[PDB]
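One chain comes next, on its own, written out as C-alpha cells in the form solved without adenosine-5'-diphosphate.
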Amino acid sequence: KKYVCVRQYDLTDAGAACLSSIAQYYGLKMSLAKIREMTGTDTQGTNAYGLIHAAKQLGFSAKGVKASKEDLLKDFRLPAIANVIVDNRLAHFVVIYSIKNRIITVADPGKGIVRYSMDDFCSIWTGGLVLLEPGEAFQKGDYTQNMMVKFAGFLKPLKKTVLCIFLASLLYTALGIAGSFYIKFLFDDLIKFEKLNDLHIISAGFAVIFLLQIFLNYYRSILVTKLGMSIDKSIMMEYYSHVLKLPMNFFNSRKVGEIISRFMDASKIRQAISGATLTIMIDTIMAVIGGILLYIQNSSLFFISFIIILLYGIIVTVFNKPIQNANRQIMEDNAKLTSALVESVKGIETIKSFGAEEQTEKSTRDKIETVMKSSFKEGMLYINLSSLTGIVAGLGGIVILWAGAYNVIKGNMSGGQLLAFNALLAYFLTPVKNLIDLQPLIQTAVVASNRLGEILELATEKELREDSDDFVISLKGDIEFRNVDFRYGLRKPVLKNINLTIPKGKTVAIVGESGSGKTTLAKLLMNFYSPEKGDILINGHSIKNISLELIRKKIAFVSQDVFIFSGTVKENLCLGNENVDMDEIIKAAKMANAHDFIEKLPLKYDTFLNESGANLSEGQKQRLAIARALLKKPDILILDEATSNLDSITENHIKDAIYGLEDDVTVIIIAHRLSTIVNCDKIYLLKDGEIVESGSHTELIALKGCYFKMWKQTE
C-alpha cells in the first residue's frame, strides 16, 4: 500500500486531514467536511481527544500516548499521528508512516510528504502520539462521490450554446487552415508568372476569408462569455442557498472568510469545467487536423515540430511543481507582512506611548526583505522557464527553416510550400500548447470542486428534525429543563445536569459568572443547538416535536451586540416579515422610543444607515433591536445585558418596553449586574454550568447562599 496524504482545504483543520489520510490508507474514503464535523474542529483547533473520539466512532481501536523520546521500539504500529511544532510558533498535527533506522517518513497534510532526520523531528515535535488500528467494526468503502461530474450537471441545459461554440470554433479553424495557404499561391504561382488580375482577385478572396474568420471569433467570444457567466452565477447561488440552510454548529465551527473563500473557489471551479468542455471539444480535433496536414506536407519537418512540442511539454511539466511551491511560500510571507503592518497601525497609540518607532520599523524591514527574497526566487524560476522555452521555440524555428531549405534544394518540396508549412505551425503548436497548459488548471480545479462539493453534501438543518406541529399549535406555557447537559464541540461540557421551571407570564431572571454559559442557555432554548444529555419541555411538549418555523417566529432574542444590515430603517425594522402595515411599525417604534432619533434622520423611515450601524449610537441601536423584537409579538422575550456597558439611560427605556409588552408572555433577562434584576420574580444563579439555588431575591438573600456573597461583593 502506497503512502496517501490529505491536503488542508481550510487553515484550522489539521487533525481531521491526518485521520482522513489514515482512514484512506486503510481503504475508507470519507468526505473531509463530515470528519471535520465528527472531530469537532472549532475555530481554535482540534483536541487529540476529538481525534480519538472520531477514530473510535469510525471503529478504529486507538489510544492517546504521551510521546517517548525513545520511539525506536519495534511494536508501535504505523501509521501513527504525532503533533509537531512548526518553527516554534503554533502546535501542528502530522502523520508518521515509517520510522526507519534514522529517517522518519511524515506525510504532512500542510505540505505533501516530507522525511526528517530522527534528531531533527525529535527537536521539532512536542510529542503527543495517537495510535490507531482497525478492530472488526471498521469496514473498507468509498463514501465520497466525484463532485466534478456533479457540477457538470449545469452544462446539461446549455447544450445549444456549447454545440454553437463548437461549430463556430471548428469553422474558424477550417477558414484559418484555408487562409494560411496565401503565401504559397503568392510565391509559387502569382509572383513567378507575374499575373496581376489573378493577384488582385486572390488578395481580395483571402481578405474576405479573414473578415469572416474574425467575425466568427467575435461571435464565439460573445457566446463563451455568456456561457461562463451563466454557469458561474448558477454555482455561486446554488452554494450560497445551501450554506444558509445548514445549522448554527456549521457557522460556530468555521470563520467568516473561510465560508466566502468558497465563492472565489466557485469562480475558479467554473473556469476549469468550461475550459475542459471547450478545449477538449475544439483543440483535440484542431491539433489532429493540423498534424495530418503537416504530416502530408513533409514528414521530417513534422517530426522536428513534434520534438519542439515534446521538449516544451517536458520543460513545463518539470517546472510546474517548484513554481507552485515558491508561489505558496510567497503568499505565506506576504500574509505575515500585511498582518504585521495592520497590527503595527492598529496600536500606534502604544508604539508612540513606548517610543518603539525604531523597533517596529526594523521588524517591518526584515519582513519586507523576506518577501523580496521569496519574490526574487519565484522571479528567477519564471526567468529560467521563459529562457528555456525561448531557446526551444527559436532553435525550432531556425532548424525547421534550415531543414526546409535543404529539402527544397534537394527538390523534395517547392519554395512556397516551406512558408505554407511555417504558416501552418501557428495552427498546430497553439492547440497542443493550450492542451499541455491545462493540467495545472484541472488539478487546482479538482481541489476546488472537492473543497466546494464537500460543503454541498452536508445535511441541512430542516432534514435533521422530525416534528408533530398539528398536535401543539400554541407555545404559551411553563418552560422546564430536565438533566440538560451541553458541549459546543468535543471539549469540557459548558452546562452539566440542569433543572429549571419558568411559569407562564412572569419576568424570570438568569444571573451568573460565565457570560458564555448564560448566552448559551438562551441560544439552546430557541433550538439553534440540541443538548446531548437531557431535554427541554414547553407546555409539557418536547421542543424536538414542535415546528422550527413556529419556535423561531414565536421567540424574540434581544442581544446587546445587535447586528444592523445596510438598508432603509423602515425595511430594516421589519426584516423577514413582508406585507407588514406601517401603522403597526410606528406603534412598535414608539415602544422602543425610535421616533426621538428617527425624526432627526433625513427620512423618518427610509433613512439609509452605515455598515453595522456605524452612524448610529449604541443606545439608539438597541432600541432598533427592541423595536424589531416587539414587532414580532412573541410568546417568549429573551433579553441580554451580556458584554454591555449599561449606561442606565437604556434601562429606563427597557423598563418602558417590558411594561409596554402588556400580555401573559414570558420575559427572560440575562444581566450580570444584580441592581437591575432585584425587581424580578425568580432569580436563577448559573455557577460553573450548574443552577445552585433558585427563587425570589428576598428568599435567596434570606437563605445566605452564594447569591448573598455576590450581593455583598456588589455592595
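Position 1 is the first residue in the sequence shown; the rest follow in order.
Omitted here: the form solved in complex with adenosine-5'-diphosphate. The next part is about that form.
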{"property": "Placed ligand check: adenosine-5'-diphosphate in the deposited complex, overlay by site C-alphas, backbone/C-beta within 2.4 Å", "result": "blocked"}
{"property": "Interface residue in the deposited complex among 514, 344, 483, 334, criterion: non-hydrogen atom within 4.5 angstroms of adenosine-5'-diphosphate", "result": "514"}
{"property": "Proximity to adenosine-5'-diphosphate in the deposited complex, single hit among 161, 98, 252, 568 (heavy atom within 4.5 Å)", "result": "252"}
{"property": "Exercise: residue 488 in contact with adenosine-5'-diphosphate in the deposited complex, heavy atom 4.5 Å", "result": "yes"}
{"property": "Contact test in the deposited complex: residue 519 vs adenosine-5'-diphosphate, heavy atoms, 4.5 Å", "result": "yes"}
{"property": "Interface membership of residue 374, adenosine-5'-diphosphate in the deposited complex, 4.5 Å heavy atom rule", "result": "no"}
{"property": "Contact test in the deposited complex: residue 560 vs adenosine-5'-diphosphate, heavy atoms, 4.5 Å", "result": "yes"}
{"property": "Listed range touching adenosine-5'-diphosphate, judged in the deposited complex by heavy atoms within 4.5 Å, from 519-527, 588-596, 153-161, 78-86", "result": "519-527"}
{"property": "Stretch 112-137 - residues with a heavy atom within 4.5 Å of adenosine-5'-diphosphate in the deposited complex", "result": "none"}
